[PDB]
Enquirer: 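Have a look at this one.
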Amino acid sequence: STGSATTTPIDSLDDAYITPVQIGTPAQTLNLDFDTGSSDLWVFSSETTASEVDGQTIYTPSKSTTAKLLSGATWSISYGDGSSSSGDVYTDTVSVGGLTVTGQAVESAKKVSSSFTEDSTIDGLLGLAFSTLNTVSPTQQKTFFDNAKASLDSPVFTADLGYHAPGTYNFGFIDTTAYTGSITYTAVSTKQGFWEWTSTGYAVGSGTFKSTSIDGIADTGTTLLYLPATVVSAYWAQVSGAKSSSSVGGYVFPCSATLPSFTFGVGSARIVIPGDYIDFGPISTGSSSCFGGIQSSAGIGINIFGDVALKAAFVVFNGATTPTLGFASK
């Protein structure tokens, strides 16, 4: 089987991407944040604390004839950005772009932290990391991709995120018309539960390529590109007036700038992030200081190839017995 769904930026900055998901019978459609950096599918719901819902669409399990309470199961999750959610668990039918999984764990939020309440465009997350990270207890549950992969024509999904435009998540096949040249595949470690790989280096604008190994994760659920402080300093040093601000929480740069590109290595191949992709606009409305899309990972513990990097490529998440990642230019 295969599936194919359009994913759409939630705002003018591409801060996140939402993809419609059909849950239950009759279908209830929610717009979920597909996250290769986590492994829970959780939704705002009829059970969510009423003061913590502000415009999102809710899953009402009592209206689905195929929903079943997963007795005893609870979940609770905190993300790298400090945000968090928790609740109980139903199994139900879930479809994405025509691909249907029966018996999928749908984690119903009883509570969500303020950042989720404040984002009316995201009705939940659909996790696409490895199931070993799933938080459901006492019986850990599988991700949608895990549940579907035996039925898929090929055990893969692909992420083709747009720059200021919609893009596509495909399940079970590789659209050979979606990218240019060839796909370069690279090894994955699943030991931390993530799509972790090692980039072979980087270049800043027209500069010469620095060969150096950079371990990090392919995370569609993180907006920006987080890299070692040495790499990030070399990038922003090429932008007049750029500076790391502790008050703002990252590198900022004069909105009048033209940013250079940033190249990252995938084996012998190279993915170029255009400079415009690295501009996240004024730090506050009307400010002439703009927030940068490449930031230091020094405070995280892990480097993150988030949307800023992934939207420059066609990305293959290969879930064969030995997972790999593939990157093509597009």
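Nothing fancy with the numbering, it's 1 onward along the sequence.
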Enquirer: Would you find a donor on one side and an acceptor on the other, under 3.5 Å apart, between the side chain of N303 and the backbone of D215?
Expert: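 Looks like yes, one N/O pair under 3.5 Å.
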Enquirer: Checking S51 against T49: is there a side-chain donor and acceptor pair closer than 3.5 Å?
Expert: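 No, no side-chain donor-acceptor contact under 3.5 Å.
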Enquirer: At their closest point, which heavy atom of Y179 faces which heavy atom of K330, and how far apart are they?
Expert: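 The answer is CA-CB, 3.9 Å.
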Enquirer: Classify the side-chain pair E47/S108 by whether it contains a donor and acceptor separated by less than 3.5 Å.
Expert: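 There is such a pair between these side chains.
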Enquirer: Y90 vs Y59 aromatic rings, parallel, tilted or perpendicular, using cut-offs 30° and 60°?
Expert: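 Because their plane-to-plane angle is over 60°, the rings of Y90 and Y59 count as perpendicular.
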Enquirer: Is there a donor in the side chain of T117 and an acceptor in the side chain of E52, or the other way round, less than 3.5 Å apart?
Expert: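 No pair is found: no donor N or O on one side chain lies under 3.5 Å from an acceptor on the other.
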Enquirer: Got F280 and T223 here, is their nearest side-chain heavy-atom distance under 4.5 Å?
Expert: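 Side-chain contact under 4.5 Å: yes.
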Enquirer: Should the ring pair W236 and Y251 be called parallel, tilted or perpendicular, given that the plane angle runs from 0 to 90° and is split at 30 and 60?
Expert: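 The rings of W236 and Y251 lie parallel, inter-plane angle below 30°.
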Enquirer: Side chains of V136 and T74: closer than 4.5 Å at any heavy-atom pair?
Expert: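 Sidechains of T74 and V136: no contact.
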Enquirer: Decide whether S120 and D54 meet the rule of one side-chain donor and one side-chain acceptor closer than 3.5 Å.
Expert: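 The answer is no; no qualifying pair exists.
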Enquirer: Counting N and O atoms only, with roles assigned by atom type, does the side chain of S1 sit under 3.5 Å from a partner on the main chain of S151, one being a donor and the other an acceptor?
Expert: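 Side chain of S1 to backbone of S151: a pair is present.
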Enquirer: Looking only at the side chains, is there a donor atom on one of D146 and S131 sitting less than 3.5 Å from an acceptor on the other?
Expert: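 Yes - a donor-acceptor pair under 3.5 Å links their side chains.
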Enquirer: Can a donor-acceptor pair be found, under 3.5 Å and without considering hydrogens, that links the side chain of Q140 to the backbone of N134?
Expert: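 Flag set: sc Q140 to bb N134 pair under 3.5 Å.
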Enquirer: With heavy-atom distances below 4.5 Å as the criterion, would you say the side chains of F44 and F116 are in contact?
Expert: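 Counting from C-beta outward, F44 and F116 do come under 4.5 Å.
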Enquirer: Is it true that a side-chain atom of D35 and a backbone atom of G127 form a donor plus acceptor pair closer than 3.5 Å?
Expert: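 Checking the backbone N and O of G127 against the side chain of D35, no donor-acceptor pair under 3.5 Å is found.
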Enquirer: In Å, rounded to the nearest 0.5 Å, how long is the span from CG of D33 to CH2 of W42?
Expert: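 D33 CG to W42 CH2: 9.0 Å, rounded to 0.5 Å.
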Enquirer: For the backbone of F34 and the side chain of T220, can you confirm whether one donor and one acceptor N or O come within less than 3.5 Å of each other?
Expert: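 Checked: pair present.
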Enquirer: Can you give me the closest heavy-atom contact between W75 and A109, atom names plus distance?
Expert: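 That closest heavy-atom pairing would be CZ2-CA, 3.6 Å.
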Enquirer: Sub-3.5 Å donor-acceptor pair from the side chain of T60 to the main-chain atoms of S62, do we have one?
Expert: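 No; judged by distance alone, with no hydrogens or angles, the pair does not exist.
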Enquirer: Grouping I, L, V, M, F, W and Y whenever their side-chain heavy atoms are under 4.5 Å apart, do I294 and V272 come out in a common cluster?
Expert: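 No, separate clusters.
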Enquirer: For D175 and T177, test the side chains for any donor-to-acceptor distance below 3.5 angstrom and give the result as yes or no.
Expert: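 Note: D175 and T177 side chains meet the donor-acceptor criterion.
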Enquirer: If you measure only the distance, is there a donor-acceptor pair under 3.5 Å linking the side chains of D40 and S38?
Expert: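 There is no such pair (donor and acceptor under 3.5 Å, judged by atom type) between the side chains of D40 and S38.
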Enquirer: Do the side chain of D92 and the main chain of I23 share a donor and acceptor less than 3.5 angstrom apart?
Expert: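 No, because the side chain of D92 does not come within donor-acceptor range (under 3.5 Å) of the backbone of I23.
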Enquirer: Verify, without hydrogens or angle tests, whether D14 (side chain) and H164 (backbone) share a donor-acceptor contact under 3.5 angstrom.
Expert: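 Flag set: sc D14 to bb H164 pair under 3.5 Å.
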Enquirer: I want to check a possible cation-pi pair here: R270 against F209, using under 6.0 Å from ring centre and within 45° of the ring axis as the test.
Expert: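 Because its charged atom sits under 6.0 Å from the ring centre and within 45° of the axis, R270 does stack over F209.
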Enquirer: Give a yes or no on whether the backbone of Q22 and the side-chain of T29 come within a donor-acceptor separation of less than 3.5 Å.
Expert: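 No.
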Enquirer: In Å, rounded to the nearest 0.5 Å, how long is the span from CD1 of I304 to OH of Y226?
Expert: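 Going from CD1 on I304 over to OH on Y226, the span is 6.5 Å.
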Enquirer: Look at the rings of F171 and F144 and say which category their plane angle falls in: under 30° parallel, 30 to 60° tilted, over 60° perpendicular.
Expert: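 Aromatic pair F171/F144 classed perpendicular.
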Enquirer: Taking the six-membered ring for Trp, are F130 and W195 ring centroids under 6.0 Å apart?
Expert: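 Under 6.0 Å, so yes.
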Enquirer: For the side chain of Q56 and the backbone of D119, is there at least one donor-acceptor N/O pair under 3.5 Å apart?
Expert: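 Confirmed, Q56 side chain pairs with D119 backbone.
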Enquirer: Centres of the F314 and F327 rings: under 6.0 Å?
Expert: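 Centroid separation for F314 and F327: 6.0 Å or greater.
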Enquirer: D153 and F173: side-chain contact (heavy atoms from CB on, under 4.5 Å), yes or no, with the steps?
Expert: CA-CA 7 Å; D153 291 358; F173 69 106; 5.6 Å; no
Enquirer: Judged by modelled atom types alone, do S64 and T66 share a side-chain donor-acceptor pair under 3.5 Å?
Expert: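 Result is yes, a qualifying pair exists.
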Enquirer: Taking the six-membered ring for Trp and the full ring for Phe, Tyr or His, determine whether the centres of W197 and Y185 are under 6.0 Å apart.
Expert: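 Not under 6.0 Å, so no.
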